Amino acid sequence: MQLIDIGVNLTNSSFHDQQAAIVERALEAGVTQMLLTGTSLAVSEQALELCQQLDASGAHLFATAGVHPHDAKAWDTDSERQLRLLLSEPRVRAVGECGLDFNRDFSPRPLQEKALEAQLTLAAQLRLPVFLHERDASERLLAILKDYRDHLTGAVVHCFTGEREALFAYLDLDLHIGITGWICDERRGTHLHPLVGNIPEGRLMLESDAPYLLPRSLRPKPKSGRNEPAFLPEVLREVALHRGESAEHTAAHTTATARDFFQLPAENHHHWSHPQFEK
């Protein structure tokens, strides 16, 4: 039962340089490949450097490069050029995380749109798929994508949390959908239960978004409250259940989808990497 975690924020400070153990626990749990998410030029560089530092063969760790809407305001005159270079690294497999977040509004909206469009333009010219974030902005995101979609090899709406109409609109644009532990959240994720089954096989992928979105049904829960990619099987369990399919079958098809979407290569216990009650 191999799984692929399409979005790990493995450079996060909150991991306090314990990425090696985190990766070891993931592999041991059968999460055999992971996409390390870039959220700014600096964090995209660090994500790539982590792939290089931890995984010399290029079998397990890959990166995305992009600028997140929270950080769109840092998009500047040298951004396009630096990102184009980073994207041409072979371990870098997608453009993103990029998109729109009108809930937080941590960058002005026009600056968000500007950064998004420049990244979609790069994705189109470089023939790389897009890793999208959207929150309270489905209407703007759909309008923007309309002019790009025909020119993209593909795009995923990562960590989809919205309602039926938004889902079907994304599906109608032929977008992939990524599902996280938000689905295990009894307070805000139950509305996904009737929806996950509408995502065709071949368009559904899974992701932890670690350290965020620790599945609320997990046990034992880490005292830190940090999510990690080894907890992805709890997401698989819940997604399989509401799709009415075996865990083995959901695992198989999401993994095949992710391999294709990111162009990943085919397949082929330690005590130090399982500290108990870690800070």
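Residue numbers run from 1 along the displayed sequence.
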property: Gap size between residue 269 and residue 268, counted in deposited residues that the entry leaves unmodelled; result: 4 to 9
property: Entry-level comparison of average CA B-factors, 137 to 145 and 116 to 124, reporting the higher stretch; result: 137 to 145
property: Residue stretch of maximal mean CA temperature factor, 63 to 71 vs 50 to 58; result: 50 to 58
property: Highest-ranked of 19, 9, 257, 263 once sorted by CA temperature factor in the record; result: 263
property: Member of 78, 89, 207, 97 with the greatest C-alpha B factor (per the PDB record); result: 78
property: CA B-factor ranking of residue 4, expressed as a third of its chain; result: lowest
property: Residue 109, C-alpha B-factor rank within chain (lowest, middle or highest third); result: highest
property: Chain thirds of CA B-factor: placement of residue 228; result: lowest
property: Lowest, middle or highest third - CA B-factor, residue 189; result: highest
property: Record-listed C-alpha B factor of residue 220: chain third; result: highest
